[PDB]
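Quick heads-up: it's one chain on its own, the form deposited in one PDB entry, in structure tokens.
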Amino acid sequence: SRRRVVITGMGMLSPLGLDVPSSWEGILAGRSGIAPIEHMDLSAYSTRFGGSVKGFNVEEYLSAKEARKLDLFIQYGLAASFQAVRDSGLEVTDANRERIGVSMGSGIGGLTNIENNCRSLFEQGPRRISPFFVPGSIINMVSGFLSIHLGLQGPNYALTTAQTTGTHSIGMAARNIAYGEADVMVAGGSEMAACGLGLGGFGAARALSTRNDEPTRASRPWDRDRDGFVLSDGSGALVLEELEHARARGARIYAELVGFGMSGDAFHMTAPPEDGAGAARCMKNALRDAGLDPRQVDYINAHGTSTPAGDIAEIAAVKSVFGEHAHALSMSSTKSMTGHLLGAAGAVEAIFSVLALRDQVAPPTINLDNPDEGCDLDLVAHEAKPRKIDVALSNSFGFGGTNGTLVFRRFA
């Protein structure tokens, strides 16, 4: 058998806001967090815009001195995590600290730190590399620093599954609790790759929208005029908790995590198969895990990156899985507003899926002006749609053909 897992705390930094409620308010209003990137000469770059976190104050969380040791992606991870633990009301004690763990991940990790230390190295040689370069740049330091700060002695690890990281981190944390390896986990992801290396790296693959004249219209999932994804920064953290543990302390439960699916496409390094066979296996795995019929799904938070082949693969996968129910569910890409937070995408989109359940509303796909060939599902174009949502899916489909699906259900 298996224990039930509930969500009792959420935290976030996104292009829409410095916490969950501000980000969510932007989502339901169809606001874009996309704009030209500042304090950087992007003259020679083919993309000059993305989703930056605006007005982040790390000194609300850490001393200036501890913040100087950590890459931005680690700072963002810690902010989301501290928000989530505070939101949960959880009290860490000597009696439970061995039962509380962390799995906060990243897709690309410390590019900003790698950049600034390469500068030192190339200009001045290796003796000018920061002593904290390694511990301050590696992806497991969100989990590391969080565990040290809060005294968490439970499972301590980090996933890195590129654009699937957040979804996998949450799913595998849910497994830790379900199979009795932990009673509580902080899980999700963080990313800051809106540096030269991220813009330059994705730019050289020609994977980014180049709609520099109108950055807010760049991210347009399933629209016939999409030309690639928008690079964005931020973090998402959830407090996952065994149900009886949540009930005993009188926690506020947002939703239940009922299903987790994984699959591999085994197809291509960056592109999905046209029919999204892998994404279909992954969703079917997640519904089987939850013991749910495809007919019971009401809302899907799509991966919906605004890549030509990715968006169309997801339509095919949803039609394949849901058959005569594919048109009755609502599916939206909040990446139309947030851009693509890569490893943090699945974390912020799990939070948006939980809030869709709490508020009984499907977030919009903004910029969906002319749906492409066969994009004829309910994609919640332009404006938020109040509706019945008992079951929400959140999908992530990343480089290496790695797939994750989370299934959340209303809790009463």
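Note that residue numbering follows the sequence shown and begins at 1.
What comes next is about the form solved in complex with a small molecule, which is not displayed.
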| item | value |
| --- | --- |
| Non-hydrogen atom within 4.5 Å of the small molecule in the deposited complex for each of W24, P363 and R410 | no |
| Heavy atom of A95 within 4.5 Å of the small molecule in the deposited complex | no |
| Any non-hydrogen atom of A255 within 4.5 angstroms of the small molecule in the deposited complex | no |
| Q75: touches the small molecule in the deposited complex, heavy atom cutoff 4.5 angstroms | no |
| Touches the small molecule in the deposited complex: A248 (any heavy atom, 4.5 Å) | no |
